[PDB]
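Take a look at this one chain, the form deposited without 1,2,3,4,5,6-hexahydroxy-cyclohexane, written out in structure tokens.
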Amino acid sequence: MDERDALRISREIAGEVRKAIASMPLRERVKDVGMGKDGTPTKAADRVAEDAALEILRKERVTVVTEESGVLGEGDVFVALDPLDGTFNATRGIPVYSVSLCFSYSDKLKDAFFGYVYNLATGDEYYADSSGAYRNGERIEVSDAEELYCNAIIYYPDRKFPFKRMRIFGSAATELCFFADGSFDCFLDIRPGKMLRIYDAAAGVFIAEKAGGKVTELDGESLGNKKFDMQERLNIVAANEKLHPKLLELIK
């Protein structure tokens, strides 16, 4: 498969997931039926979103991994997917929630060849291939702010920080993209309990990297060895190359 292929497939998933969730009234969304591993009842929203995406994924030569369904199938192409990042927002009419799709030629992030994040509330489409990172088809770049007094997304501020603004919108996939288009100057998920799962990170990280951002673990390590497995976990430090080392000295 090529990017060209992943982009077609991803737009078809977006299209269906929107269809499925949208129809679903608020009280629909907020009901539970399932069994999240780490601790959660599969709401109505997540299963209806998962159902749309998988049936479209099951028809290609890929291996699909999600929090819910976990792992199964077979394909030389791996896809770390979250049918609905921001379920809390979706069940309350807060317009920040997305489907995230990252395609890889191996089981590691290092060989990902396509990233896709679609805001299922507004229709904003983010993606990236070897040819650039895009928002609604327009190419995008990260900002180039070099001082700590910047616009940050941070999970979770623990003490006083030097930032000009701090935001927390509840959909890391989408927020990684807010970073990628330069809307915010950095993205941080520095929580000690490391709760960020590879599904919500992969595409956002891939798209941010294509946009020019430097995206590492807390330690500054490279996310390449991060795996498309059920128990992978991530802390993330993300900014342009000038600001990134300053952030590491700050949270040091």
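Note that the rigid core is defined as the largest set of C-alphas that superpose within 1.5 Å between two forms. From 1 onward, residues are counted along the sequence shown. Shifts are known only where both forms have a C-alpha.
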> Looking at the entry, does 220-228 or 202-210 show the higher mean C-alpha B-factor?
Replying inline: 220-228
> Comparing 32-40 with 50-58, which stretch shows the greater average C-alpha B-factor in the deposited entry?
Replying inline: 32-40
> Looking at 125, 175, 85, 107, which has the biggest Cα B factor in the entry?
Replying inline: 107
> From 120, 72, 133, 102, can you pick the one with the highest C-alpha B factor in the entry?
Replying inline: 72
> With respect to C-alpha B-factor, does residue 21 fall in the lowest, middle or highest third of the chain as deposited?
Replying inline: highest
> Which third, lowest, middle or highest, does the CA B-factor of residue 190 fall in along this chain?
Replying inline: lowest
> Which third of the chain does residue 251 land in by C-alpha B-factor: lowest, middle or highest?
Replying inline: highest
> How does residue 77 rank on Cα B-factor within its chain, lowest, middle or highest third?
Replying inline: highest
> residue 149's Cα B-factor: lowest, middle or highest third of the chain?
Replying inline: middle
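Keep in mind that the form deposited with 1,2,3,4,5,6-hexahydroxy-cyclohexane bound is missing from the display, and what follows is about it.
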> in the deposited complex, does residue 196 have a heavy atom within 4.5 Å of 1,2,3,4,5,6-hexahydroxy-cyclohexane?
Replying inline: yes
> Does 1,2,3,4,5,6-hexahydroxy-cyclohexane get within 4.5 angstroms of any non-hydrogen atom of residue 172 in the deposited complex?
Replying inline: yes
> Does the 4.5 Å heavy atom contact test between residue 113 and 1,2,3,4,5,6-hexahydroxy-cyclohexane in the deposited complex come out positive?
Replying inline: no
> How about residue 155: is it within 4.5 Å of 1,2,3,4,5,6-hexahydroxy-cyclohexane in the deposited complex, going by heavy atoms?
Replying inline: yes
> If you check 47, 191, 227, 214 against 1,2,3,4,5,6-hexahydroxy-cyclohexane in the deposited complex, which one has a heavy atom within 4.5 Å?
Replying inline: 191
>> With the partner left out here, which residues of 74-101 have a non-hydrogen atom within 4.5 Å of 1,2,3,4,5,6-hexahydroxy-cyclohexane in the deposited complex?
In response: 82, 85, 86
> Upon rigid core superposition, which of the listed residues (192, 224, 220, 36) is displaced by 2 angstroms or more at its Cα between this form and the one not shown?
Replying inline: 36
>> If I superpose on the rigid core and flag every C-alpha moving 2 Å or more, which consecutive runs of 3+ residues come out between this form and the one not shown, in sequence order?
In response: 36-41
